[PDB]
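J.: Sharing a structure with you now.
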Amino acid sequence: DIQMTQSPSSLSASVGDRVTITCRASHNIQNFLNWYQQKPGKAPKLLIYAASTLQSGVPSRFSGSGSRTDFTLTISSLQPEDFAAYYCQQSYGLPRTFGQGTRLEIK
Amino acid sequence: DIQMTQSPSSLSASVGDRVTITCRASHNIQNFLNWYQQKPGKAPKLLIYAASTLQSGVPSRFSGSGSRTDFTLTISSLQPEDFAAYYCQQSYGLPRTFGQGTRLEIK
Amino acid sequence: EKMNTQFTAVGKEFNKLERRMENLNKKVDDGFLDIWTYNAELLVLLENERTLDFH
Amino acid sequence: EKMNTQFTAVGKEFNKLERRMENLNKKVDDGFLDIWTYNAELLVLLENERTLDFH
Amino acid sequence: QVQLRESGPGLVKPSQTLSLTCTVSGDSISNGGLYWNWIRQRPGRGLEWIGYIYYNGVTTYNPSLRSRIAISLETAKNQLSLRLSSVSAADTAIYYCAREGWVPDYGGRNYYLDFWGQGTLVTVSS
Amino acid sequence: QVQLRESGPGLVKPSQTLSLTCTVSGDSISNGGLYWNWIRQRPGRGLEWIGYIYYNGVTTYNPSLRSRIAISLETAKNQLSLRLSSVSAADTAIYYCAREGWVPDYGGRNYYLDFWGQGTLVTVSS
Amino acid sequence: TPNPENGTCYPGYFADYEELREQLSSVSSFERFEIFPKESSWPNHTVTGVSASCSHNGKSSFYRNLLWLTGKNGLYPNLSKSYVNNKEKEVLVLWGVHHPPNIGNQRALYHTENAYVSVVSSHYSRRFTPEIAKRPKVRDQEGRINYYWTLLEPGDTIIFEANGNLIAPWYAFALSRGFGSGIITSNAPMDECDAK
Amino acid sequence: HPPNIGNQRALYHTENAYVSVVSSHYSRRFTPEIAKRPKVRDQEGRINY
Ligand SMILES: *[C@@H]1O[C@H](CO)[C@@H](O[C@@H]2O[C@H](CO)[C@@H](O)[C@H](O)[C@H]2NC(C)=O)[C@H](O)[C@H]1NC(C)=O
Ligand SMILES: *[C@@H]1O[C@H](CO)[C@@H](O)[C@H](O)[C@H]1NC(C)=O
Ligand SMILES: *[C@@H]1O[C@H](CO)[C@@H](O)[C@H](O)[C@H]1NC(C)=O
């Protein structure tokens, strides 16, 4: 199984600040990385589809990029509604895995 | 700075003969080599633009070729009006350099 | 008829110190795929326009 | 819309004894550039003719 | 629009089989050619994939649970189902169904989960 | 047709600043997007590049003389200019202005000097 | 620049240079950290060797990220050092091997005629033997120092063992990879402008 | 390639082993390089293939 490791496990930042969440795959997964936003009590929402593209309906403040093993999720101009857990998912192999998740707190 | 070395420094040949002037770059400059013809008292004239192409207005007797570092200027059927200094110029880097020049004498 | 058959083609493994080869190999595959996608789609658009004009 | 975005691409260094790789790398870049130049110019000529006929 | 809705008892006793159903609407599980996923989240933990089933009934499972998991599909009703034998405390989780979509990419189809349902909480207790 | 013409005093004393002007005609130094060069030839020697200026006023210099050389450009009059501070005997040369043209090539634009002007001889003496 | 001048100051071969340059093309940032501090890591070796060939502001010097370890008080005790990659990033470790112009220099510096260097990690293993030969002078040196490197994956260990001729790592880089970056060869002026 | 000299002597009764493999167009000579390595699958030594 391809492991996904996220860092930090928890991050806090004020409104309007910039948040960078990173994820490292144990194996080369090319462009097969999705990012999800989980609000408490809800199923996760898709933010980022290809390592670098957004799902329609996702605010432009969200972006990301990456190569073989090293990927990044970035939130520009952080807003209160961005309070969420964020997850790193690989879709390269069959035993699909998610990272442990990063909790983003605001202020 | 990329040095350009021309050889010979001086060459003489009779009318109708074949003149070969060569130039060696200290570094790989790909196709970025120009050749110029300088008549005494005048600004240099462009003969060869790409290592292998001519400037419009240049007689068909002039030709040349080259690779990364080793380039040649050739004059077929040398005529009296071809008496000139010839210069090797690289346009690959910014500190543009010319070779020392070759003086072509006739007979 | 003008598009040929795809014949067996598989990927290659590269070592840790063969990254330049790995990148060239990928570059070649992506380049050819981008070109053929372009050609296939363009040909269809060009012919669909002519078909309707023909009719 | 049918021409995609150019993404970061840089060259590679090769050693003295890696001339065969250097030459293949260059061959690939020149080949793709020659193909895309052809496609871009041909598409424009074909469409300019149709535009004027359309009008 | 595409909607998924999970449903089930919400409570299973130890050693019983848990059985959940997901009803798909606004889509067709006999026409799309997509994979249908089941995933779960244990309280306080991140997400864990359970398995998926394709249109042809082809089924795959998370290998750590493959001996317990059964996944099936009924196209007539647009329903997916999940069954876990020998249920224990470790299986308390919110279970979700999801649709896996794709866009062709370099290297093949690049898959993602877009429609995730609501989530059904299942407690294992006595 | 494109013509360049250099002009200046032709004589400068030691420690004075030499200042030459090149007037460009048959072209436009506000429209072409080309680089404008200054070069010189010391008597008995080959050619030496001095520097160049672009349309945006971006200027580069031969690093051996960069502390002395100033190059500028006035688009209103189609004029280029060159100034050398602390002039000495070593600066006797024929100074030329030139236009740098290009054709796109493999590896980027392949640049060359096509229009070279006439050349102004400057003597440094007292 | 198209023609850099400050590269290797103590002449030698840089192993896999082109592959390293390719790997560093995806690096967006890094931490330079001291892997084997000279002050405490080698109490029985001299950590002050310099060369005229690396002269800086008129004084002999050496590479900032490397130490030239020579004998002390007539002895050259066996070295054994290790590092565990606790940075959670890949770590680039650089080192080298000294190849003297003659046997007199080999004995004077390392007090042995049979030095070896051994570097291992879970998936790396090299043994080096200095090859003494009088070479044409480059930057006034008749000898050479070769340079080697490897990347450590998070959690691994690298071990350096030697009885002479080792140019030890001092600093190492914790590499953070990004995407879309690369290396440009250019002489264009730098400015305060901004572009996409 | 043993982790130490004790193992080299215990198994091969020599401190200077070599291996030589040749064919009409192949030739290699190998010399074991004894060193204590990080453990992989509990081994401090290695076998190359
Ligand atoms: C850094 O680069 C400079 C060149 O810009 C080197 O200086 C040259 O050194 C050689 C001898 O090795 C002299 O013959 C040249 O005349 C020097 N050039 C100049 C402009 O002074 C310098 O040695 C390099 N330093 C290091 C540590 O690599
Ligand atoms: C340095 O020498 C001392 C004896 O003076 C010895 O005890 C020690 O183990 C040696 N090695 C070190 C500090 O690595
Ligand atoms: C250093 O290694 C050699 C070879 O194994 C050994 O003979 C010597 O005793 C060791 N050294 C010291 C300084 O005790």
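Residue numbering restarts at 1 for every chain of the structure tokens, chains are lettered A, B, ... in their displayed order, and ligands are numbered from 1 as they appear.
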Set out as a Markdown table a contact list for chain G and ligand 2 with a cut-off of 9 Å, giving each residue of chain G that qualifies its closest atom pair and distance in Å to one decimal, counting only C-alpha atoms and all ligand atoms, ordered by chain and rising residue number.
T.:
```
| residue | atom | partner | partner_atom_place_in_ligand_line | distance |
| --- | --- | --- | --- | --- |
| G:40 | CA | ligand 2 | 13 (C) | 8.5 |
| G:41 | CA | ligand 2 | 14 (O) | 7.3 |
| G:42 | CA | ligand 2 | 14 (O) | 6.1 |
| G:43 | CA | ligand 2 | 13 (C) | 5.2 |
| G:44 | CA | ligand 2 | 1 (C) | 5.0 |
| G:45 | CA | ligand 2 | 1 (C) | 8.7 |
| G:77 | CA | ligand 2 | 11 (N) | 7.6 |
| G:78 | CA | ligand 2 | 11 (N) | 8.3 |
| G:79 | CA | ligand 2 | 14 (O) | 7.2 |
| G:80 | CA | ligand 2 | 14 (O) | 7.7 |
| G:81 | CA | ligand 2 | 14 (O) | 8.7 |
```
J.: Go ahead and write the selection's residues with C-alpha atoms as an mmCIF file, in the first residue's frame.
T.:
```cif
data_model
loop_
_atom_site.group_PDB
_atom_site.id
_atom_site.type_symbol
_atom_site.label_atom_id
_atom_site.label_comp_id
_atom_site.auth_asym_id
_atom_site.auth_seq_id
_atom_site.Cartn_x
_atom_site.Cartn_y
_atom_site.Cartn_z
ATOM 1 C CA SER G 40 32.644 18.418 18.350
ATOM 2 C CA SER G 41 32.697 15.666 15.764
ATOM 3 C CA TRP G 42 36.425 15.050 15.379
ATOM 4 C CA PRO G 43 38.519 15.633 18.566
ATOM 5 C CA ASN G 44 41.457 13.462 17.244
ATOM 6 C CA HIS G 45 41.736 14.984 13.674
ATOM 7 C CA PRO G 77 42.763 7.239 14.054
ATOM 8 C CA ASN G 78 39.929 5.372 12.290
ATOM 9 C CA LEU G 79 36.753 7.478 11.743
ATOM 10 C CA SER G 80 33.237 6.308 12.219
ATOM 11 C CA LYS G 81 30.329 8.718 12.011
#
```
J.: Find the residues near ligand 1. Use a cut-off of 6 Å, count only C-alpha atoms and all ligand atoms, and write them as a ChimeraX atom specification.
T.: /G:5-6,9,54-56,139
J.: Please write the residues from the selection above to a file, keeping N, CA and C atoms, as a PDB file, in the first residue's frame.
T.:
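Contents of selection.pdb, freshly written:
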```pdb
ATOM      1  N   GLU G   5      32.262  30.775 -13.422  1.00  0.00           N
ATOM      2  CA  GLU G   5      33.670  30.570 -13.123  1.00  0.00           C
ATOM      3  C   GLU G   5      33.973  29.899 -11.778  1.00  0.00           C
ATOM      4  N   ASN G   6      33.095  30.076 -10.756  1.00  0.00           N
ATOM      5  CA  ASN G   6      33.281  29.560  -9.401  1.00  0.00           C
ATOM      6  C   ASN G   6      32.470  28.273  -9.216  1.00  0.00           C
ATOM      7  N   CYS G   9      36.808  24.400  -6.766  1.00  0.00           N
ATOM      8  CA  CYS G   9      38.030  25.184  -6.568  1.00  0.00           C
ATOM      9  C   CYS G   9      39.219  24.282  -6.300  1.00  0.00           C
ATOM     10  N   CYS G  54      41.558  27.450  -3.344  1.00  0.00           N
ATOM     11  CA  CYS G  54      40.261  27.880  -2.876  1.00  0.00           C
ATOM     12  C   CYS G  54      40.427  29.231  -2.174  1.00  0.00           C
ATOM     13  N   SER G  55      41.518  29.935  -2.452  1.00  0.00           N
ATOM     14  CA  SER G  55      41.760  31.196  -1.776  1.00  0.00           C
ATOM     15  C   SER G  55      40.643  32.203  -1.916  1.00  0.00           C
ATOM     16  N   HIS G  56      40.306  32.813  -0.781  1.00  0.00           N
ATOM     17  CA  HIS G  56      39.254  33.814  -0.630  1.00  0.00           C
ATOM     18  C   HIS G  56      39.817  35.048   0.044  1.00  0.00           C
ATOM     19  N   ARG G 139      44.688  24.750 -11.487  1.00  0.00           N
ATOM     20  CA  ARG G 139      44.593  25.661 -10.342  1.00  0.00           C
ATOM     21  C   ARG G 139      45.744  25.397  -9.379  1.00  0.00           C
TER      22      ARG G 139
END
```
J.: Can you check which parts of chain G lie within 10 Å of ligand 3? Per residue, the shortest pair of atoms and distance in Å to one decimal, counting only C-alpha atoms and all ligand atoms, sorted by chain and number, as a Markdown table.
T.:
```
| residue | atom | partner | partner_atom_place_in_ligand_line | distance |
| --- | --- | --- | --- | --- |
| G:75 | CA | ligand 3 | 13 (C) | 8.3 |
| G:76 | CA | ligand 3 | 13 (C) | 7.2 |
| G:77 | CA | ligand 3 | 13 (C) | 4.2 |
| G:78 | CA | ligand 3 | 13 (C) | 4.9 |
| G:79 | CA | ligand 3 | 1 (C) | 8.5 |
| G:114 | CA | ligand 3 | 4 (C) | 9.8 |
| G:115 | CA | ligand 3 | 2 (O) | 9.6 |
| G:116 | CA | ligand 3 | 4 (C) | 9.6 |
| G:161 | CA | ligand 3 | 2 (O) | 9.7 |
| G:162 | CA | ligand 3 | 1 (C) | 8.3 |
| G:163 | CA | ligand 3 | 1 (C) | 6.4 |
```
J.: How would the residues just picked look written out with N, CA and C atoms as a PDB file, in the first residue's frame?
T.:
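This is the output file again-v7.pdb:
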```
ATOM      1  N   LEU G  75      49.110  10.920  14.394  1.00  0.00           N
ATOM      2  CA  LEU G  75      48.236   9.784  14.209  1.00  0.00           C
ATOM      3  C   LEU G  75      47.045  10.086  13.335  1.00  0.00           C
ATOM      4  N   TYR G  76      46.508   9.061  12.685  1.00  0.00           N
ATOM      5  CA  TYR G  76      45.260   9.241  11.961  1.00  0.00           C
ATOM      6  C   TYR G  76      44.315   8.122  12.374  1.00  0.00           C
ATOM      7  N   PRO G  77      43.626   8.246  13.505  1.00  0.00           N
ATOM      8  CA  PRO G  77      42.763   7.239  14.054  1.00  0.00           C
ATOM      9  C   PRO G  77      41.644   6.990  13.082  1.00  0.00           C
ATOM     10  N   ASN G  78      41.080   5.771  13.099  1.00  0.00           N
ATOM     11  CA  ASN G  78      39.929   5.372  12.290  1.00  0.00           C
ATOM     12  C   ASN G  78      38.683   6.196  12.661  1.00  0.00           C
ATOM     13  N   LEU G  79      37.955   6.665  11.633  1.00  0.00           N
ATOM     14  CA  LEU G  79      36.753   7.478  11.743  1.00  0.00           C
ATOM     15  C   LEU G  79      35.546   6.621  11.597  1.00  0.00           C
ATOM     16  N   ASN G 114      47.834   3.129   2.843  1.00  0.00           N
ATOM     17  CA  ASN G 114      46.701   2.318   2.436  1.00  0.00           C
ATOM     18  C   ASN G 114      45.418   2.812   3.049  1.00  0.00           C
ATOM     19  N   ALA G 115      45.030   4.007   2.670  1.00  0.00           N
ATOM     20  CA  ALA G 115      43.816   4.585   3.166  1.00  0.00           C
ATOM     21  C   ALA G 115      42.646   4.072   2.374  1.00  0.00           C
ATOM     22  N   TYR G 116      41.497   4.063   2.993  1.00  0.00           N
ATOM     23  CA  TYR G 116      40.259   3.772   2.320  1.00  0.00           C
ATOM     24  C   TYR G 116      39.183   4.638   2.926  1.00  0.00           C
ATOM     25  N   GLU G 161      33.014   5.862   7.193  1.00  0.00           N
ATOM     26  CA  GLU G 161      34.134   5.170   7.806  1.00  0.00           C
ATOM     27  C   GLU G 161      35.430   5.399   7.046  1.00  0.00           C
ATOM     28  N   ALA G 162      36.498   5.744   7.734  1.00  0.00           N
ATOM     29  CA  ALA G 162      37.739   5.980   6.989  1.00  0.00           C
ATOM     30  C   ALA G 162      38.997   5.854   7.817  1.00  0.00           C
ATOM     31  N   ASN G 163      40.114   5.578   7.161  1.00  0.00           N
ATOM     32  CA  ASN G 163      41.396   5.615   7.866  1.00  0.00           C
ATOM     33  C   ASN G 163      42.329   6.593   7.185  1.00  0.00           C
TER      34      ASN G 163
END
```
J.: Hey, could you lay chain D over chain C with a least-squares C-alpha fit (all atoms, paired in order) and save it as a PDB file with C-alpha atoms, in the first residue's frame?
T.:
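Written output follows (selection_16.pdb):
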```pdb
ATOM      1  CA  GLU D   1      -7.761   4.260 -42.450  1.00  0.00           C
ATOM      2  CA  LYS D   2      -5.217   7.026 -41.921  1.00  0.00           C
ATOM      3  CA  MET D   3      -4.872   6.360 -38.200  1.00  0.00           C
ATOM      4  CA  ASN D   4      -2.780   3.291 -37.590  1.00  0.00           C
ATOM      5  CA  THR D   5      -3.114   0.433 -35.083  1.00  0.00           C
ATOM      6  CA  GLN D   6      -1.629   0.751 -31.651  1.00  0.00           C
ATOM      7  CA  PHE D   7       0.796  -2.032 -30.993  1.00  0.00           C
ATOM      8  CA  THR D   8       2.061  -3.271 -27.713  1.00  0.00           C
ATOM      9  CA  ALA D   9       3.776  -0.621 -25.703  1.00  0.00           C
ATOM     10  CA  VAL D  10       4.674  -0.725 -22.047  1.00  0.00           C
ATOM     11  CA  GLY D  11       6.573   1.560 -19.691  1.00  0.00           C
ATOM     12  CA  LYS D  12      10.159   1.419 -18.426  1.00  0.00           C
ATOM     13  CA  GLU D  13      11.777   1.499 -15.050  1.00  0.00           C
ATOM     14  CA  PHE D  14      14.599   3.872 -14.270  1.00  0.00           C
ATOM     15  CA  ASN D  15      17.075   4.035 -11.429  1.00  0.00           C
ATOM     16  CA  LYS D  16      17.574   6.848  -8.901  1.00  0.00           C
ATOM     17  CA  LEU D  17      20.484   8.163 -10.900  1.00  0.00           C
ATOM     18  CA  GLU D  18      18.704   7.900 -14.221  1.00  0.00           C
ATOM     19  CA  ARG D  19      16.294  10.760 -13.736  1.00  0.00           C
ATOM     20  CA  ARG D  20      17.370  12.494 -16.893  1.00  0.00           C
ATOM     21  CA  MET D  21      16.402   9.378 -18.931  1.00  0.00           C
ATOM     22  CA  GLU D  22      13.153   9.032 -17.105  1.00  0.00           C
ATOM     23  CA  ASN D  23      12.254  12.580 -17.886  1.00  0.00           C
ATOM     24  CA  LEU D  24      13.136  12.276 -21.549  1.00  0.00           C
ATOM     25  CA  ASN D  25      11.121   9.097 -21.885  1.00  0.00           C
ATOM     26  CA  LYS D  26       8.105  10.765 -20.357  1.00  0.00           C
ATOM     27  CA  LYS D  27       8.577  13.860 -22.488  1.00  0.00           C
ATOM     28  CA  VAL D  28       8.491  11.752 -25.619  1.00  0.00           C
ATOM     29  CA  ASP D  29       5.318   9.937 -24.610  1.00  0.00           C
ATOM     30  CA  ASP D  30       3.490  13.068 -23.584  1.00  0.00           C
ATOM     31  CA  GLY D  31       4.553  14.889 -26.705  1.00  0.00           C
ATOM     32  CA  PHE D  32       3.298  12.204 -29.046  1.00  0.00           C
ATOM     33  CA  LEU D  33       0.035  11.858 -27.176  1.00  0.00           C
ATOM     34  CA  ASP D  34      -0.591  15.613 -27.254  1.00  0.00           C
ATOM     35  CA  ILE D  35       0.067  15.640 -31.012  1.00  0.00           C
ATOM     36  CA  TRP D  36      -2.206  12.748 -31.837  1.00  0.00           C
ATOM     37  CA  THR D  37      -4.993  14.088 -29.682  1.00  0.00           C
ATOM     38  CA  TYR D  38      -4.733  17.337 -31.575  1.00  0.00           C
ATOM     39  CA  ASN D  39      -4.794  15.617 -34.927  1.00  0.00           C
ATOM     40  CA  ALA D  40      -7.729  13.372 -34.113  1.00  0.00           C
ATOM     41  CA  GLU D  41      -9.912  16.167 -32.818  1.00  0.00           C
ATOM     42  CA  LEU D  42      -9.039  18.600 -35.539  1.00  0.00           C
ATOM     43  CA  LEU D  43      -9.789  16.136 -38.276  1.00  0.00           C
ATOM     44  CA  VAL D  44     -13.193  15.410 -36.852  1.00  0.00           C
ATOM     45  CA  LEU D  45     -14.121  19.075 -36.541  1.00  0.00           C
ATOM     46  CA  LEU D  46     -12.995  19.823 -40.071  1.00  0.00           C
ATOM     47  CA  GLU D  47     -14.937  16.974 -41.558  1.00  0.00           C
ATOM     48  CA  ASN D  48     -18.084  17.590 -39.563  1.00  0.00           C
ATOM     49  CA  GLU D  49     -18.249  21.088 -40.986  1.00  0.00           C
ATOM     50  CA  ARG D  50     -17.840  19.818 -44.521  1.00  0.00           C
ATOM     51  CA  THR D  51     -20.448  17.100 -44.083  1.00  0.00           C
ATOM     52  CA  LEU D  52     -23.115  19.490 -43.159  1.00  0.00           C
ATOM     53  CA  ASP D  53     -22.214  21.853 -46.018  1.00  0.00           C
ATOM     54  CA  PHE D  54     -22.256  18.888 -48.430  1.00  0.00           C
ATOM     55  CA  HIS D  55     -25.738  17.948 -47.430  1.00  0.00           C
TER      56      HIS D  55
END
```
J.: Using backbone DSSP assignments, extract all strand (DSSP E) residues from chain H; output them as a list in words.
T.: residues 19, 20, 21, 22, 23, 26, 27, 28, 29 and 30 of chain H
J.: May I have the residues from that selection written out with C-alpha atoms, as a compact mmCIF listing (two decimals), in the first residue's frame?
T.:
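Output file result_35.txt follows:
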```txt
# COMPACT_ATOMS: atom_id res chain seq x y z
CA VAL H 19 35.26 -13.72 -7.43
CA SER H 20 35.94 -13.84 -11.16
CA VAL H 21 33.35 -14.38 -13.84
CA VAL H 22 34.18 -14.53 -17.51
CA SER H 23 32.61 -15.48 -20.86
CA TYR H 26 32.22 -10.66 -20.42
CA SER H 27 34.66 -10.09 -17.64
CA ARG H 28 34.26 -9.02 -14.05
CA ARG H 29 36.29 -9.36 -10.93
CA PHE H 30 34.66 -8.68 -7.67
```
J.: Using only C-alpha atoms, determine which residues of chain B fall within 12 Å of chain D; present them as a PyMOL selection string.
T.: chain B and resi 28+30+67-68
J.: Could you state the separation of CA of residue 19 (chain A) and CA of residue 99 (chain A) in Å, given to one decimal place?
T.: 17.7 Å
J.: Residues at most 7 Å from residue 48 (chain E), counting only C-alpha atoms, excluding those fewer than 3 positions away in the same chain, as a tab-separated table (two decimals) with N, CA and C atoms, in the first residue's frame?
T.:
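Okay, this is what ended up in result.tsv:
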```tsv
chain	number	residue	atom	x	y	z
A	97	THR	N	-5.64	5.08	-0.56
A	97	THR	CA	-5.30	5.58	0.74
A	97	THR	C	-5.43	7.07	0.85
A	98	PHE	N	-5.67	7.48	2.07
A	98	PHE	CA	-5.78	8.87	2.45
A	98	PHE	C	-4.69	9.14	3.45
E	39	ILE	N	-16.49	3.79	1.68
E	39	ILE	CA	-15.41	4.20	2.56
E	39	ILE	C	-15.96	4.37	3.98
E	40	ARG	N	-15.11	4.42	5.00
E	40	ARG	CA	-15.61	4.72	6.34
E	40	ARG	C	-14.68	5.59	7.17
E	41	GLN	N	-15.24	6.25	8.17
E	41	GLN	CA	-14.42	7.02	9.09
E	41	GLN	C	-14.68	6.69	10.56
```
J.: Within 12 Å of chain G, which residues belong to chain F? Use only C-alpha atoms and report them as a PyMOL selection string.
T.: chain F and resi 52-54+57-63+107
J.: Counting only C-alpha atoms, which residues in chain A sit no more than 9 Å from chain E? For each one, give the nearest pair of atoms and the distance in Å, sorted by chain then residue number, as a Markdown table.
T.:
```
| residue | atom | partner | partner_atom | distance |
| --- | --- | --- | --- | --- |
| A:30 | CA | E:107 | CA | 8.4 |
| A:31 | CA | E:110 | CA | 7.8 |
| A:32 | CA | E:110 | CA | 6.2 |
| A:33 | CA | E:112 | CA | 8.4 |
| A:34 | CA | E:112 | CA | 6.6 |
| A:41 | CA | E:119 | CA | 8.8 |
| A:42 | CA | E:118 | CA | 6.6 |
| A:43 | CA | E:118 | CA | 5.7 |
| A:44 | CA | E:116 | CA | 7.0 |
| A:45 | CA | E:114 | CA | 7.3 |
| A:46 | CA | E:114 | CA | 5.9 |
| A:49 | CA | E:112 | CA | 6.5 |
| A:50 | CA | E:110 | CA | 7.3 |
| A:55 | CA | E:114 | CA | 8.5 |
| A:87 | CA | E:46 | CA | 8.0 |
| A:89 | CA | E:112 | CA | 8.8 |
| A:90 | CA | E:112 | CA | 8.9 |
| A:91 | CA | E:111 | CA | 6.1 |
| A:92 | CA | E:110 | CA | 8.1 |
| A:94 | CA | E:60 | CA | 8.1 |
| A:95 | CA | E:62 | CA | 5.6 |
| A:96 | CA | E:49 | CA | 6.1 |
| A:97 | CA | E:49 | CA | 6.6 |
| A:98 | CA | E:47 | CA | 6.2 |
| A:99 | CA | E:46 | CA | 7.3 |
| A:100 | CA | E:46 | CA | 5.1 |
| A:101 | CA | E:46 | CA | 6.0 |
```
J.: Store the residues picked out above in a file with N, CA, C and O atoms, as a tab-separated table (two decimals), in the first residue's frame.
T.:
```
chain	number	residue	atom	x	y	z
A	30	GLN	N	2.60	9.94	-9.67
A	30	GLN	CA	2.44	10.88	-10.76
A	30	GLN	C	1.42	11.98	-10.44
A	30	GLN	O	1.47	12.59	-9.38
A	31	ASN	N	0.41	12.16	-11.28
A	31	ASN	CA	-0.58	13.21	-11.08
A	31	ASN	C	-1.84	12.74	-10.39
A	31	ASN	O	-2.84	13.46	-10.32
A	32	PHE	N	-1.81	11.56	-9.83
A	32	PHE	CA	-2.99	10.99	-9.22
A	32	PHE	C	-3.17	11.36	-7.77
A	32	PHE	O	-3.12	10.49	-6.89
A	33	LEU	N	-3.40	12.63	-7.52
A	33	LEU	CA	-3.64	13.13	-6.17
A	33	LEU	C	-4.80	14.09	-6.05
A	33	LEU	O	-4.78	15.16	-6.64
A	34	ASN	N	-5.75	13.73	-5.21
A	34	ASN	CA	-6.93	14.52	-4.94
A	34	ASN	C	-6.85	15.16	-3.55
A	34	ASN	O	-6.29	14.57	-2.62
A	41	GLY	N	-18.99	16.83	10.81
A	41	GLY	CA	-20.33	16.28	10.61
A	41	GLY	C	-20.71	16.02	9.15
A	41	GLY	O	-21.79	15.51	8.89
A	42	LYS	N	-19.84	16.34	8.20
A	42	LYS	CA	-20.18	16.16	6.80
A	42	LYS	C	-19.24	15.26	6.02
A	42	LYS	O	-18.08	15.05	6.40
A	43	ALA	N	-19.74	14.71	4.92
A	43	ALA	CA	-18.89	13.96	4.03
A	43	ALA	C	-17.90	14.94	3.42
A	43	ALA	O	-18.28	16.08	3.20
A	44	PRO	N	-16.66	14.56	3.15
A	44	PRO	CA	-15.65	15.37	2.49
A	44	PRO	C	-16.05	15.90	1.12
A	44	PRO	O	-16.65	15.19	0.33
A	45	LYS	N	-15.68	17.14	0.86
A	45	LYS	CA	-15.90	17.83	-0.41
A	45	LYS	C	-14.67	17.79	-1.27
A	45	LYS	O	-13.56	18.01	-0.78
A	46	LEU	N	-14.81	17.57	-2.56
A	46	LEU	CA	-13.63	17.60	-3.41
A	46	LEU	C	-13.21	19.02	-3.73
A	46	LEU	O	-14.03	19.82	-4.18
A	49	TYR	N	-8.81	18.14	-7.94
A	49	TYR	CA	-8.92	16.94	-8.72
A	49	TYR	C	-7.59	16.42	-9.28
A	49	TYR	O	-7.08	15.39	-8.84
A	50	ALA	N	-7.02	17.07	-10.25
A	50	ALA	CA	-5.73	16.63	-10.73
A	50	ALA	C	-4.83	17.22	-9.72
A	50	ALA	O	-5.30	18.10	-9.01
A	55	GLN	N	-12.11	21.48	-8.83
A	55	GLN	CA	-13.45	21.01	-9.06
A	55	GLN	C	-14.36	22.21	-9.21
A	55	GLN	O	-14.26	23.17	-8.44
A	87	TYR	N	-7.75	16.45	3.59
A	87	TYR	CA	-7.17	15.14	3.32
A	87	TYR	C	-6.51	15.01	1.95
A	87	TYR	O	-7.02	15.50	0.95
A	89	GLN	N	-5.45	12.35	-0.91
A	89	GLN	CA	-5.82	11.02	-1.43
A	89	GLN	C	-5.13	10.61	-2.71
A	89	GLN	O	-5.20	11.30	-3.72
A	90	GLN	N	-4.57	9.42	-2.72
A	90	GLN	CA	-3.96	8.97	-3.97
A	90	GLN	C	-4.91	8.05	-4.68
A	90	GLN	O	-5.62	7.26	-4.05
A	91	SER	N	-4.94	8.17	-6.00
A	91	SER	CA	-5.78	7.35	-6.85
A	91	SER	C	-4.97	6.62	-7.90
A	91	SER	O	-5.45	6.34	-9.00
A	92	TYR	N	-3.72	6.34	-7.56
A	92	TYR	CA	-2.84	5.67	-8.48
A	92	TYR	C	-2.97	4.16	-8.34
A	92	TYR	O	-3.06	3.45	-9.34
A	94	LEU	N	-4.78	0.56	-6.44
A	94	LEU	CA	-6.10	0.12	-6.04
A	94	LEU	C	-6.45	0.28	-4.57
A	94	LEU	O	-7.57	0.67	-4.27
A	95	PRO	N	-5.60	-0.08	-3.59
A	95	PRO	CA	-5.91	0.05	-2.19
A	95	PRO	C	-5.76	1.51	-1.90
A	95	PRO	O	-4.68	1.97	-1.57
A	96	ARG	N	-6.81	2.26	-2.20
A	96	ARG	CA	-6.76	3.70	-2.12
A	96	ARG	C	-6.51	4.11	-0.72
A	96	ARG	O	-7.08	3.55	0.22
A	97	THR	N	-5.64	5.08	-0.56
A	97	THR	CA	-5.30	5.58	0.74
A	97	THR	C	-5.43	7.07	0.85
A	97	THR	O	-5.24	7.83	-0.11
A	98	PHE	N	-5.67	7.48	2.07
A	98	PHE	CA	-5.78	8.87	2.45
A	98	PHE	C	-4.69	9.14	3.45
A	98	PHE	O	-4.29	8.23	4.17
A	99	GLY	N	-4.24	10.37	3.54
A	99	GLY	CA	-3.30	10.70	4.58
A	99	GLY	C	-4.08	10.81	5.87
A	99	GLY	O	-5.31	10.67	5.87
A	100	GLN	N	-3.40	11.08	6.98
A	100	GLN	CA	-4.06	11.11	8.27
A	100	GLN	C	-4.96	12.33	8.45
A	100	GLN	O	-5.80	12.37	9.34
A	101	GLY	N	-4.74	13.34	7.62
A	101	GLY	CA	-5.49	14.57	7.64
A	101	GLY	C	-4.82	15.68	8.44
A	101	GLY	O	-4.16	15.43	9.44
```
J.: Would you kindly report the residues of chain B within 8 Å of chain G, using only C-alpha atoms, as a list in words?
T.: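 Here is what falls inside 8 Å: residues 1, 2, 93 and 94 of chain B.
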